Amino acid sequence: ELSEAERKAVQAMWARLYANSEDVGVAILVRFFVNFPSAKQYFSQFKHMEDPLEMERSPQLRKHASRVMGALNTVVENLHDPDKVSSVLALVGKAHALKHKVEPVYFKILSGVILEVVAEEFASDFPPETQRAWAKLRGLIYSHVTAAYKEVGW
């Protein structure tokens, strides 16, 4: 699915991102929760937060951002090993289906926010090939997470 060069474009850009994983990741989630306030129903500590300035300072928000960034780091760094990606994404899917009861579509929506922010951040380094690489990564995340929701009885 993801070629050699496409793998390499994602990984090179991800390294640039992860050098401020903590600022990037919360910026993403703040944006996500601002533009899709429904998604915040699942988080006890900020379900009623509206202020972005407060959302950015919330430890539970920040924890989720660090955890999402950690999981995707595992996926991005191991794109060459398809079964480490399957297992990471299956743990995540199942957890979200069963522990957290999160509608799968919020994965789609979050991913779209991720892509918006990566495009903004690397606007001067986002040629078609690189857009394609990220699009396939996004699509692969959604398959495995969807497949996991089915496997568990959603």
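Numbers for residues come from their place in the sequence shown, where the first is 1. Just so we're on the same page, rigid core means the largest C-alpha set that superposes within 1.5 Å between forms.
**Student:** After a core fit, does 125-133 or 85-93 show the bigger CA gap to the shown form in 4 other deposited structures of this protein?
**Tutor:** Looking at 125-133 and 85-93 in 4 other deposited structures of this protein, the bigger mover is 125-133.
**Student:** What stretch has the higher average Cα B-factor here, 15-23 or 126-134?
**Tutor:** The stretch with the larger average C-alpha B-factor is 15-23.
**Student:** Please work out which of 108-116 and 37-45 has the higher mean CA B-factor as recorded in the PDB entry.
**Tutor:** Stretch with the higher mean C-alpha B-factor: 37-45.
**Student:** Tell me, please, which of 53, 29, 98, 92 has the highest C-alpha B factor according to the deposited entry?
**Tutor:** Top of the list by C-alpha B-factor: 53.
**Student:** For residue 87, does the deposited CA B-factor place it in the lowest, middle or highest third of the chain?
**Tutor:** Highest third.
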